């Protein structure tokens, strides 16, 4: 994945994840994911931590083998409201946190 760290479309279908037995609604949801380079020098929009900035320089500046790139990870996220069955077949409505990626950062 050659481009910079950004958010990418991904639709997750609960039937394809094995969860169609317990989940009533929704059938699917756009989860998105993060991918791309975190390479020296990272643009300020990639919002690197102080650590990721230093890690990126250690990688660029040669020495110290095996130092990976900072990770392209979810920064802002949002919830999903799920209607589903309990282990006991009680119908439950729950807001699950951190379900969909809204933005990505280098960390």
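Numbering follows the first chain given and starts at 1.
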Quiz item: Where do the C-alpha atoms have the higher mean temperature factor in this entry, in 47 to 55 or in 60 to 68?
Solution: 60 to 68
Quiz prompt | Third of the chain's Cα B-factor distribution that residue 22 belongs to, per the entry | solution = highest
Quiz item: According to the PDB entry, is the CA B factor of residue 37 in the bottom, middle or top third of its chain, that is, lowest, middle or highest?
Solution: middle
Practice problem: Can you work out whether the C-alpha temperature factor of residue 95 puts it in the lowest, middle or highest third of the chain? | Solution: middle
Exercise. Would you mind ranking residue 82 by its C-alpha B-factor against the rest of the chain and naming the third, lowest, middle or highest?
Key: lowest
